[PDB]
file query02.cif (mmCIF, C-alpha atoms)
data_protein
#
loop_
_atom_site.group_PDB
_atom_site.id
_atom_site.type_symbol
_atom_site.label_atom_id
_atom_site.label_comp_id
_atom_site.auth_asym_id
_atom_site.auth_seq_id
_atom_site.Cartn_x
_atom_site.Cartn_y
_atom_site.Cartn_z
ATOM 1 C CA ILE A 88 -68.277 192.129 -59.017
ATOM 2 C CA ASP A 89 -66.724 195.440 -57.976
ATOM 3 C CA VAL A 90 -66.764 195.466 -54.172
ATOM 4 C CA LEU A 91 -66.763 199.260 -54.428
ATOM 5 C CA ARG A 92 -70.177 199.363 -56.101
ATOM 6 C CA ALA A 93 -71.623 196.662 -53.848
ATOM 7 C CA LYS A 94 -70.547 198.709 -50.829
ATOM 8 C CA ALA A 95 -71.907 201.985 -52.200
ATOM 9 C CA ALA A 96 -75.299 200.326 -52.655
ATOM 10 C CA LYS A 97 -75.294 198.691 -49.222
ATOM 11 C CA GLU A 98 -74.622 202.082 -47.636
ATOM 12 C CA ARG A 99 -77.280 203.813 -49.735
ATOM 13 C CA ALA A 100 -79.922 201.199 -48.928
ATOM 14 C CA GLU A 101 -78.991 201.203 -45.240
ATOM 15 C CA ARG A 102 -79.562 204.955 -44.989
ATOM 16 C CA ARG A 103 -82.860 204.742 -46.872
ATOM 17 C CA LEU A 104 -84.071 201.950 -44.589
ATOM 18 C CA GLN A 105 -83.996 204.467 -41.739
ATOM 19 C CA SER A 106 -86.741 206.369 -43.563
ATOM 20 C CA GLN A 107 -90.124 205.794 -41.924
ATOM 21 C CA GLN A 108 -92.327 207.586 -44.455
ATOM 22 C CA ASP A 109 -90.982 205.201 -47.095
ATOM 23 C CA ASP A 110 -92.956 202.266 -45.694
ATOM 24 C CA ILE A 111 -92.941 200.891 -49.239
ATOM 25 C CA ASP A 112 -89.143 200.833 -49.411
ATOM 26 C CA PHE A 113 -88.029 198.297 -46.804
ATOM 27 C CA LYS A 114 -89.469 195.630 -49.103
ATOM 28 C CA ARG A 115 -87.353 196.590 -52.116
ATOM 29 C CA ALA A 116 -84.284 197.303 -49.985
ATOM 30 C CA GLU A 117 -84.750 193.848 -48.466
ATOM 31 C CA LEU A 118 -84.678 191.985 -51.782
ATOM 32 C CA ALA A 119 -81.739 194.084 -52.972
ATOM 33 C CA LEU A 120 -79.627 193.366 -49.891
ATOM 34 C CA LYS A 121 -80.341 189.638 -50.128
ATOM 35 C CA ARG A 122 -79.184 189.684 -53.751
ATOM 36 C CA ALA A 123 -76.049 191.739 -53.106
ATOM 37 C CA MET A 124 -75.149 189.442 -50.211
ATOM 38 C CA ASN A 125 -75.526 186.301 -52.324
ATOM 39 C CA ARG A 126 -73.195 187.703 -54.982
ATOM 40 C CA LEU A 127 -70.634 188.591 -52.312
ATOM 41 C CA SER A 128 -70.596 185.034 -50.964
ATOM 42 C CA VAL A 129 -69.952 183.508 -54.389
ATOM 43 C CA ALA A 130 -67.305 186.157 -55.049
ATOM 44 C CA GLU A 131 -65.133 185.132 -52.100
ATOM 45 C CA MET A 132 -65.265 181.408 -52.864
ATOM 46 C CA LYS A 133 -65.556 182.039 -56.604
#

call {"tool": "encode", "arguments": {"input": "query02.cif", "output": "structure tokens"}}
result
Amino acid sequence: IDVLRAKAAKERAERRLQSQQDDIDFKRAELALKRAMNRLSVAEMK
């Protein structure tokens, strides 16, 4: 709901994605982004 939180997470996940050693992170960060994005869409045209 709070765009502030959604943004903070998007920025945190984006930075983590850069990590190469965390090969087992892109997967989780991928599902999280997809979820956060979906919520954002509904928010606008709520």

call {"tool": "resolve_selection", "arguments": {"input": "query02.cif", "expression": "the PyMOL selection byres ((chain A and resi 93) around 12)", "output": "list in words"}}
result
residues 88, 89, 90, 91, 92, 94, 95, 96, 97, 98, 99, 100, 119, 120, 121, 122, 123, 124, 125, 126, 127 and 130 of chain A

call {"tool": "atom_distance", "arguments": {"input": "query02.cif", "atom1": "CA of residue 129 (chain A)", "atom2": "CA of residue 114 (chain A)"}}
result
23.6 Å

call {"tool": "atom_distance", "arguments": {"input": "query02.cif", "atom1": "CA of residue 116 (chain A)", "atom2": "CA of residue 128 (chain A)"}}
result
18.4 Å

call {"tool": "decode", "arguments": {"input": "query02.cif", "residues": "region 99-128 of chain A", "atoms": "N, CA, C and O atoms", "output": "PDB file, in the first residue's frame"}}
result
ATOM      1  N   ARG A  99      16.228  -2.248  -2.667  1.00  0.00           N
ATOM      2  CA  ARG A  99      17.016  -3.231  -1.933  1.00  0.00           C
ATOM      3  C   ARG A  99      17.230  -4.489  -2.769  1.00  0.00           C
ATOM      4  O   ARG A  99      18.330  -5.040  -2.811  1.00  0.00           O
ATOM      5  N   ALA A 100      16.170  -4.939  -3.434  1.00  0.00           N
ATOM      6  CA  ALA A 100      16.242  -6.132  -4.270  1.00  0.00           C
ATOM      7  C   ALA A 100      17.100  -5.885  -5.506  1.00  0.00           C
ATOM      8  O   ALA A 100      17.834  -6.767  -5.949  1.00  0.00           O
ATOM      9  N   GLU A 101      17.002  -4.678  -6.057  1.00  0.00           N
ATOM     10  CA  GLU A 101      17.771  -4.317  -7.243  1.00  0.00           C
ATOM     11  C   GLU A 101      19.269  -4.386  -6.963  1.00  0.00           C
ATOM     12  O   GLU A 101      20.041  -4.885  -7.781  1.00  0.00           O
ATOM     13  N   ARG A 102      19.672  -3.879  -5.803  1.00  0.00           N
ATOM     14  CA  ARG A 102      21.077  -3.881  -5.415  1.00  0.00           C
ATOM     15  C   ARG A 102      21.574  -5.304  -5.177  1.00  0.00           C
ATOM     16  O   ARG A 102      22.688  -5.656  -5.565  1.00  0.00           O
ATOM     17  N   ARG A 103      20.740  -6.116  -4.537  1.00  0.00           N
ATOM     18  CA  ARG A 103      21.094  -7.500  -4.246  1.00  0.00           C
ATOM     19  C   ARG A 103      21.250  -8.304  -5.533  1.00  0.00           C
ATOM     20  O   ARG A 103      22.132  -9.157  -5.643  1.00  0.00           O
ATOM     21  N   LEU A 104      20.387  -8.029  -6.504  1.00  0.00           N
ATOM     22  CA  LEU A 104      20.428  -8.726  -7.785  1.00  0.00           C
ATOM     23  C   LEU A 104      21.820  -8.649  -8.404  1.00  0.00           C
ATOM     24  O   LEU A 104      22.277  -9.594  -9.044  1.00  0.00           O
ATOM     25  N   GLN A 105      22.489  -7.518  -8.203  1.00  0.00           N
ATOM     26  CA  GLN A 105      23.830  -7.320  -8.741  1.00  0.00           C
ATOM     27  C   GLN A 105      24.788  -8.388  -8.222  1.00  0.00           C
ATOM     28  O   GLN A 105      25.740  -8.764  -8.905  1.00  0.00           O
ATOM     29  N   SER A 106      24.528  -8.872  -7.012  1.00  0.00           N
ATOM     30  CA  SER A 106      25.370  -9.895  -6.400  1.00  0.00           C
ATOM     31  C   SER A 106      25.453 -11.133  -7.290  1.00  0.00           C
ATOM     32  O   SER A 106      24.435 -11.644  -7.755  1.00  0.00           O
ATOM     33  N   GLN A 107      26.672 -11.606  -7.521  1.00  0.00           N
ATOM     34  CA  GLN A 107      26.889 -12.783  -8.354  1.00  0.00           C
ATOM     35  C   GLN A 107      26.985 -14.044  -7.501  1.00  0.00           C
ATOM     36  O   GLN A 107      26.477 -15.099  -7.878  1.00  0.00           O
ATOM     37  N   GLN A 108      27.640 -13.925  -6.351  1.00  0.00           N
ATOM     38  CA  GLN A 108      27.803 -15.057  -5.446  1.00  0.00           C
ATOM     39  C   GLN A 108      26.449 -15.575  -4.973  1.00  0.00           C
ATOM     40  O   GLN A 108      26.298 -16.759  -4.670  1.00  0.00           O
ATOM     41  N   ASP A 109      25.468 -14.682  -4.910  1.00  0.00           N
ATOM     42  CA  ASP A 109      24.125 -15.049  -4.474  1.00  0.00           C
ATOM     43  C   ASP A 109      23.310 -15.603  -5.638  1.00  0.00           C
ATOM     44  O   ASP A 109      22.220 -15.113  -5.934  1.00  0.00           O
ATOM     45  N   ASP A 110      23.844 -16.628  -6.294  1.00  0.00           N
ATOM     46  CA  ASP A 110      23.165 -17.249  -7.425  1.00  0.00           C
ATOM     47  C   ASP A 110      21.764 -17.707  -7.033  1.00  0.00           C
ATOM     48  O   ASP A 110      20.864 -17.772  -7.872  1.00  0.00           O
ATOM     49  N   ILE A 111      21.586 -18.023  -5.756  1.00  0.00           N
ATOM     50  CA  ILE A 111      20.293 -18.473  -5.254  1.00  0.00           C
ATOM     51  C   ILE A 111      19.503 -17.316  -4.653  1.00  0.00           C
ATOM     52  O   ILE A 111      18.842 -17.471  -3.625  1.00  0.00           O
ATOM     53  N   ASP A 112      19.574 -16.159  -5.300  1.00  0.00           N
ATOM     54  CA  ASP A 112      18.863 -14.975  -4.832  1.00  0.00           C
ATOM     55  C   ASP A 112      17.985 -14.396  -5.937  1.00  0.00           C
ATOM     56  O   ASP A 112      16.867 -13.948  -5.686  1.00  0.00           O
ATOM     57  N   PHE A 113      18.501 -14.407  -7.162  1.00  0.00           N
ATOM     58  CA  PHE A 113      17.767 -13.881  -8.305  1.00  0.00           C
ATOM     59  C   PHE A 113      16.373 -14.496  -8.387  1.00  0.00           C
ATOM     60  O   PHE A 113      15.417 -13.845  -8.811  1.00  0.00           O
ATOM     61  N   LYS A 114      16.264 -15.755  -7.978  1.00  0.00           N
ATOM     62  CA  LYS A 114      14.988 -16.461  -8.002  1.00  0.00           C
ATOM     63  C   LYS A 114      13.986 -15.805  -7.058  1.00  0.00           C
ATOM     64  O   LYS A 114      12.873 -15.462  -7.460  1.00  0.00           O
ATOM     65  N   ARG A 115      14.386 -15.632  -5.804  1.00  0.00           N
ATOM     66  CA  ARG A 115      13.522 -15.017  -4.802  1.00  0.00           C
ATOM     67  C   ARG A 115      13.221 -13.565  -5.163  1.00  0.00           C
ATOM     68  O   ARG A 115      12.074 -13.124  -5.097  1.00  0.00           O
ATOM     69  N   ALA A 116      14.260 -12.828  -5.545  1.00  0.00           N
ATOM     70  CA  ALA A 116      14.106 -11.427  -5.917  1.00  0.00           C
ATOM     71  C   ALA A 116      13.190 -11.278  -7.127  1.00  0.00           C
ATOM     72  O   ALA A 116      12.566 -10.235  -7.318  1.00  0.00           O
ATOM     73  N   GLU A 117      13.114 -12.328  -7.940  1.00  0.00           N
ATOM     74  CA  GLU A 117      12.275 -12.311  -9.130  1.00  0.00           C
ATOM     75  C   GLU A 117      10.799 -12.414  -8.758  1.00  0.00           C
ATOM     76  O   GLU A 117       9.962 -11.672  -9.276  1.00  0.00           O
ATOM     77  N   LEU A 118      10.485 -13.339  -7.857  1.00  0.00           N
ATOM     78  CA  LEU A 118       9.110 -13.542  -7.415  1.00  0.00           C
ATOM     79  C   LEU A 118       8.618 -12.346  -6.605  1.00  0.00           C
ATOM     80  O   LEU A 118       7.445 -11.979  -6.673  1.00  0.00           O
ATOM     81  N   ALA A 119       9.522 -11.742  -5.843  1.00  0.00           N
ATOM     82  CA  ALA A 119       9.181 -10.586  -5.023  1.00  0.00           C
ATOM     83  C   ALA A 119       8.825  -9.384  -5.892  1.00  0.00           C
ATOM     84  O   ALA A 119       7.821  -8.710  -5.656  1.00  0.00           O
ATOM     85  N   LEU A 120       9.654  -9.118  -6.894  1.00  0.00           N
ATOM     86  CA  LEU A 120       9.428  -7.996  -7.798  1.00  0.00           C
ATOM     87  C   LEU A 120       8.097  -8.145  -8.528  1.00  0.00           C
ATOM     88  O   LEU A 120       7.331  -7.188  -8.645  1.00  0.00           O
ATOM     89  N   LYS A 121       7.827  -9.351  -9.015  1.00  0.00           N
ATOM     90  CA  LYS A 121       6.586  -9.627  -9.731  1.00  0.00           C
ATOM     91  C   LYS A 121       5.376  -9.352  -8.845  1.00  0.00           C
ATOM     92  O   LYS A 121       4.349  -8.861  -9.316  1.00  0.00           O
ATOM     93  N   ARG A 122       5.501  -9.671  -7.562  1.00  0.00           N
ATOM     94  CA  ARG A 122       4.416  -9.457  -6.611  1.00  0.00           C
ATOM     95  C   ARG A 122       4.234  -7.972  -6.319  1.00  0.00           C
ATOM     96  O   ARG A 122       3.117  -7.456  -6.344  1.00  0.00           O
ATOM     97  N   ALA A 123       5.339  -7.287  -6.041  1.00  0.00           N
ATOM     98  CA  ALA A 123       5.302  -5.861  -5.746  1.00  0.00           C
ATOM     99  C   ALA A 123       4.742  -5.071  -6.925  1.00  0.00           C
ATOM    100  O   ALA A 123       4.019  -4.092  -6.741  1.00  0.00           O
ATOM    101  N   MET A 124       5.082  -5.502  -8.135  1.00  0.00           N
ATOM    102  CA  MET A 124       4.613  -4.835  -9.344  1.00  0.00           C
ATOM    103  C   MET A 124       3.105  -4.995  -9.502  1.00  0.00           C
ATOM    104  O   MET A 124       2.402  -4.043  -9.841  1.00  0.00           O
ATOM    105  N   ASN A 125       2.612  -6.204  -9.254  1.00  0.00           N
ATOM    106  CA  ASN A 125       1.187  -6.487  -9.370  1.00  0.00           C
ATOM    107  C   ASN A 125       0.377  -5.602  -8.428  1.00  0.00           C
ATOM    108  O   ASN A 125      -0.658  -5.055  -8.811  1.00  0.00           O
ATOM    109  N   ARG A 126       0.856  -5.463  -7.196  1.00  0.00           N
ATOM    110  CA  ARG A 126       0.177  -4.644  -6.200  1.00  0.00           C
ATOM    111  C   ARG A 126       0.153  -3.179  -6.626  1.00  0.00           C
ATOM    112  O   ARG A 126      -0.828  -2.470  -6.395  1.00  0.00           O
ATOM    113  N   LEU A 127       1.238  -2.732  -7.248  1.00  0.00           N
ATOM    114  CA  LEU A 127       1.342  -1.350  -7.706  1.00  0.00           C
ATOM    115  C   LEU A 127       0.303  -1.055  -8.783  1.00  0.00           C
ATOM    116  O   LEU A 127      -0.331   0.001  -8.775  1.00  0.00           O
ATOM    117  N   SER A 128       0.134  -1.993  -9.709  1.00  0.00           N
ATOM    118  CA  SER A 128      -0.827  -1.832 -10.794  1.00  0.00           C
ATOM    119  C   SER A 128      -2.238  -1.642 -10.246  1.00  0.00           C
ATOM    120  O   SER A 128      -2.941  -0.703 -10.621  1.00  0.00           O
TER     121      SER A 128
END
